[PDB]
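The data below hold one chain only, encoded as structure tokens and taken in the form deposited in one PDB entry.
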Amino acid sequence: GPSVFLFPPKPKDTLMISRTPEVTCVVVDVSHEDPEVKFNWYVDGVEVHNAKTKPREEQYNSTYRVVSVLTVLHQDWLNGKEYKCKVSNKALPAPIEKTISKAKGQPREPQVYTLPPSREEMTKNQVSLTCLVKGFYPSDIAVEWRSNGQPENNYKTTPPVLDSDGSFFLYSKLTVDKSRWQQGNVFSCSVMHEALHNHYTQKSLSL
């Protein structure tokens, strides 16, 4: 039979006004004899007709996959409204229920700490500037590096990790030319999270 998965919006999408977050409903394993599916979307139980559904998706195994995307406004999501996808299919005795919403629990704001490269990394051509970001809930978050305001591209950030008290932490690693850190440049770890009051917080790091 067909199977349904419901996906939350991407973390960056929930946090900046210029982006449009969406909830995505995927149906796999829909047979060739019965390829047509109906989507019904419910925002806190009340139906909305604002979702966009794309044409079917023939797979390697000769099964169809269908995806419908419902754009959502940021404030609903942060305020905890539930999103519900209803999938009807003639190969399905009853329609399927999937419901998704923001993670539950009291939000907590991230703490930001910058740690300079270990003195032993100073023998290398490049050094690693690390940003420890801890104490936040829920797990959605945006972390970037910039210098002089413009962005910095040689960085990587870990997935969130559950700490022992139920909040999250992660680390971000910026690698720069060891000349760059000696040069005297100032680098900044900049983070956005729904529990911050002034839309961002940043902490700086320099030799």
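Residues carry their position along the shown sequence, with the first being 1.
- Higher mean CA B-factor, judged across 60-68 and 166-174 from the recorded values: 60-68.
- As recorded in the PDB entry, 35-43 is the stretch of 35-43 and 137-145 with the greater mean C-alpha temperature factor.
- As recorded in the entry, 94 carries the highest CA temperature factor of 78, 115, 112, 94.
- In this PDB entry, the Cα temperature factor of residue 185 sits in the top third of its chain's modelled residues, the highest group.
- In the deposited entry, the Cα temperature factor of residue 27 places it in the middle third of its chain's modelled residues.
- In the deposited entry, the Cα temperature factor of residue 108 sits in the bottom third of values across the chain's modelled residues.
- In the PDB entry, a CA B factor belonging to the lowest third of its chain's modelled residues is recorded for residue 130.
There is another form of this protein, the form deposited with a partner chain bound, and it is not shown here; the text below is about that form.
- By the 4.5 Å heavy atom rule, the three marked residues 15, 75 and 78 all count as contacting its partner chain in the deposited complex.
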